[PDB]
Amino acid sequence: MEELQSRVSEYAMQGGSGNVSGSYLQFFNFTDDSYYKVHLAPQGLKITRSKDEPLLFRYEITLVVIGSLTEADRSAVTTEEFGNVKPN
Amino acid sequence: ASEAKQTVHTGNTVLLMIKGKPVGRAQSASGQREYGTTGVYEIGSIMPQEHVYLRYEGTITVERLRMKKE
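From first to last, the protein sequence lines are chains M and S.
Here the authors' numbering is used: position 33 in the first sequence is 121, and no number is missing along the way.
Here the authors' numbering is used: position 33 in the second sequence is 34, and no number is missing along the way.
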C-alpha cells in the first residue's frame, strides 16, 4: 500500500508541475476481460484505516476513462497523405 | 491412574491462584479467547484467499461457592 501511495504521488504531485513521461495510465481488468486508458479522477485517491481493521489498510480510487486501450494515441496517428504533402 | 503418571489434567490436580493466594472452593473456571478471525473475499472468486485477525476478545469466568468470609 505504501508503494501504491508513492506511485500515485509520483503520477499526481509532479503532474501539473515538472513533467511526467507518460500521458495516461493503462487499467487492466483480467477478471472482467476489459481494458481502458485512465486518468486520475477529480475525487482522487482516498486511504482510510478503521477500528475494526487494526492491521489492514483500505484504499478508494476513482478514475476517468480516456478511451479504449486497443486504439492508438491521437499524436501517433498517420493520415492517408497520398502524394506530396509539401507545396514546394 | 496415579497422579505421578497420568497423561491428562483433571479438576483435582489444578490450583487457581489469584494475587498470590489459592482460590478456595471454586466450582468451575472457563476461558474463551476469540481473535475475530475473518476471511478476505474477492470479486470473481467465491472463496477467501487468506484469514486475518481483528480483536483479541479474551475472557475468563470464575464460579465459586461463597466462603463464609473472605
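Note that the Cβ used here is the ideal one computed from N, Cα and C, for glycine as well.
Quiz prompt | Residue ranges of each alpha helix (DSSP H) within the region 114–145 of chain M, 4 or longer | solution = Listed in chain order, there is nothing to give.
Practice problem: Could you run through the region 99–119 of chain M and flag, in chain order, every residue whose CB is less than 8 Å away from some CB of chain S? | Solution: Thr-119
Quiz item: Below 8 Å, can you find three or more Cβ-Cβ pairs linking the region 133–144 of chain M to the region 42–56 of chain S?
Solution: yes
Quiz prompt | Contact with chain C by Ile-44/S, beta-carbon distance below 8 Å | solution = Any reference to chain C falls outside this structure, whose protein chains are M and S.
Quiz prompt | When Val-24/S, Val-15/S, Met-18/S and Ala-2/S are compared against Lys-70/S, the one with the closest alpha-carbon | solution = Here the question's residue 70/S lines up with position 69 in the second sequence. Looking at the Cα atoms, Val-24/S is the closest of the given residues.
Quiz prompt | Start and end residues, alpha helix (DSSP H) containing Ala-160/M | solution = Residue mapping note: residue 160/M aligns to position 72 of the first sequence, counting from 1. Here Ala-160/M belongs to no alpha helix (DSSP H), and DSSP marks it neither H nor E.
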